[PDB]
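Peer 1: quick one, fold the following:
(3 chains, ligands or ions: 2)
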Amino acid sequence: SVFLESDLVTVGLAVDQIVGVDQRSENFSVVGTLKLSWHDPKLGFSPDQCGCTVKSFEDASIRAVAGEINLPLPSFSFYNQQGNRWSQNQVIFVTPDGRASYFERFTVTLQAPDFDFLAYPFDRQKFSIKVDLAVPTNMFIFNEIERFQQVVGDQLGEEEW
Amino acid sequence: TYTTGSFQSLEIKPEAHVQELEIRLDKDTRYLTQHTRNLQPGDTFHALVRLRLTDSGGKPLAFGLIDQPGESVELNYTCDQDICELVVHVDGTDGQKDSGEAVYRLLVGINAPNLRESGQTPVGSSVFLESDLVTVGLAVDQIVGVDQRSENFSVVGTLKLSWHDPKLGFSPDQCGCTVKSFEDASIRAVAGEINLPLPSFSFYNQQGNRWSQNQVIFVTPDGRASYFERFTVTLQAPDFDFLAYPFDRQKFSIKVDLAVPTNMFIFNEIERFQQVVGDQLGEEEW
Amino acid sequence: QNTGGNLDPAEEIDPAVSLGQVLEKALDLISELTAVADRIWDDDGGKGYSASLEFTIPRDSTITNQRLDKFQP
Ligand SMILES: [Ca+2]
Ligand SMILES: [Ca+2]
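Peer 2: Numbering: from 1, shown residues only, chains lettered A, B, ... in the order given. Ligands and ions are numbered 1, 2, ... in the order given. Next comes the structure:
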């Protein structure tokens, strides 16, 4: 194939809690984990030049890493967050074969226009967490969803939702 | 104290570097990987007890020749490469099996295990490039807040890491002061400042940015560095279960993870530098 | 020499069939690869100390399991 096909980035998302729901402002604050994984041969390197096998960029967004090293990366966004999300343990590490992966435990306040509390308290709501890619379908596309962790976490207690 | 470091070929037989250990195999760690320190040009690695030997870059260097006496597989290699690092990796699961337990012992020498012939081997020096030993101490001064609708608790306390890194040593005269201190900068920021590995940590549950006060990482010429930080951090508490409120007992779990793998640093010993939970005036809510 | 990527540096040909045949076998492997290459030269393993080559003309990449987790050529 000589079409310069779009790179295949697998994505996995897990929800640990829904920490808050501001229903007058119609937003919900959710904590979870996100894991992107894509193969970029141009990102490969010789393991001996730096000693360590895996080259890791800590606590810096994918866009910031793409700024650091002038290479294309699948920068993403939540498309609805208000304010800045709290990114924890986020690290993007690359394997010499070229298979890079990004991990981030986020605490993000998504906006939920789809909330309709006209039937409160008998209402069913949709918490839609939408991870968009900041690059077009020509460059990267979410190929396969990854069930690395339980999609919704089970935690001790009845919980509100 | 006797000083070691870098500055600006006889009787090598007595300085034999040969040591052994026993290992346990179970669960995920079926595959085992071990590193080694830099070696002299004439050093030859003998591996005895499949297994394979590569470099730090993973380029294969040697395999093992199976000799039935003594069981297992015998591996040997030699090279003249000067500054380089070598890795030995052993796989115990060549096929799917129930397993559940495995006991295994190895023989490792950097120049000549034949001269030592195994045994007790007191003069042997470990050459696995063992993980650095970092002690950690944590004290809680207050539990300032508990947001039980959001299920989080804001806690103030003190944290003290202490690790010995010989590569971090320095000559005291070059800067005058004995102790070299990096103030109000996180361990990761200091590792960015000086291109050296450090045990960067995290609280694994904090939401938002913690307030770090009086944080300072200071190093002694011998190399024993220590990091101190009085934090005010809002941890997340999923384990909260208020179904029995107010008769409930809750677990405030403050978990300091290391941002480096067990290969590099491990929390060796908990340090009781200060009372773990502080006694303060007043009945207090919790 | 290595510039970009993970590249690991009479009559000439490109017998790629030996690669697949060796991969088919249970991967000694370095010795067999050396023998096959001699039947069909030197390799590089580090930056700044690349292995040199000795040549004499009197008349007119490699394979590695660079990952350390699972040994796969
Ligand atoms: Ca809960
Ligand atoms: Ca008090």
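Peer 1: separation between the residue of chain A found nearest chain C and residue A:73?
Peer 2: Taking CB to the nearest CB, chain C has its nearest neighbour within chain A at residue A:44, 3.8 Å off. (C-beta placed from N, C-alpha, C; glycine too.) According to CB to CB, to the nearest Å, residue A:44 and residue A:73 sit 14 Å apart.
Peer 1: between these two, tell me which one has more neighbours.
Peer 2: With other CB atoms under 10 Å in any protein chain shown as the criterion, residue A:44 and residue A:73 differ in neighbour count, and residue A:73 comes out ahead with 27 against 21.
Peer 1: just the CA atoms of stretch A:112-124, as PDB, please.
Peer 2: Presented in PDB, the C-alpha positions along stretch A:112-124 are these (Å, rounded to 0.1, in the frame of the first residue of the first chain):
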ATOM      1  CA  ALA A 112     -23.400  17.900  29.800                       C
ATOM      2  CA  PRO A 113     -26.000  19.800  27.800                       C
ATOM      3  CA  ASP A 114     -27.800  16.500  27.300                       C
ATOM      4  CA  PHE A 115     -28.900  16.600  30.900                       C
ATOM      5  CA  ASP A 116     -32.700  16.800  31.100                       C
ATOM      6  CA  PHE A 117     -34.000  16.900  34.700                       C
ATOM      7  CA  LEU A 118     -37.600  17.400  33.800                       C
ATOM      8  CA  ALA A 119     -38.300  13.900  35.200                       C
ATOM      9  CA  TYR A 120     -36.200  14.200  38.400                       C
ATOM     10  CA  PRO A 121     -35.700  12.000  40.400                       C
ATOM     11  CA  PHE A 122     -36.900   9.300  38.000                       C
ATOM     12  CA  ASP A 123     -34.500  10.400  35.300                       C
ATOM     13  CA  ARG A 124     -31.900   8.400  33.400                       C
END
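Peer 1: need the contact list for residue A:10.
Peer 2: A:36-38, A:142-146 (CB atoms under 8 Å, 6 or more residues apart in numbering or on different chains).
Peer 1: between the residues you listed, which has the most around it?
Peer 2: Most surrounded of these: other CB under 10 Å gives residue A:36, at 25 neighbours.
Peer 1: pretty sure it is touching residue A:102, no?
Peer 2: Yes: counting by CB atoms under 8 Å, residue A:102 is a contact partner of residue A:36 at 4.4 Å.
Peer 1: find residues that contact each of the two.
Peer 2: By CB under 8 Å, 6+ apart, the residues touching both residue A:36 and residue A:102 are residue A:62.
Peer 1: which residue does chain A bring closest to ligand 1?
Peer 2: residue A:155 (3.5 Å; CB to the ion).
Peer 1: how about that residue: what's its closest non-neighbour residue?
Peer 2: Using CB to CB, 6 or more residues apart in numbering or on different chains and skipping the chain neighbours, the partner closest in space to residue A:155 is residue B:238 (4.3 Å).
Peer 1: what about the one you found, is that helix, strand or coil?
Peer 2: Secondary structure, DSSP: H, G, I helix; E, B strand; the rest coil: residue B:238 is coil.
Peer 1: relative to residue A:26, how far out is it?
Peer 2: Distance from residue B:238 to residue A:26, by CB to CB: 25 Å.
Peer 1: for residue A:158, grab the count of nearby residues.
Peer 2: 7.
Peer 1: picking up where we left off before, quick check: the residue of chain A closest to ligand 1 touching residue A:16?
Peer 2: Yes: assessed by CB under 8 Å, residue A:155 is found in contact with residue A:16 at 7.5 Å.
Peer 1: which of these two has more neighbours?
Peer 2: residue A:16 (21 against 14).
Peer 1: residues touching that one, list them.
Peer 2: A:31-33, A:153, A:155, B:238.
Peer 1: mind putting those into CSV with distance to residue C:64?
Peer 2: Converted to CSV, the contacts of residue A:16 look like this (distance: CB to CB, whole Å):
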residue, distance to residue C:64
A:31, 41
A:32, 38
A:33, 33
A:153, 40
A:155, 45
B:238, 44
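Peer 1: in those, find the pair that's most separated.
Peer 2: Distances among the contacts of residue A:16 were taken as CB to CB; the most separated pair is A:33 and A:155, at 14.0 Å.
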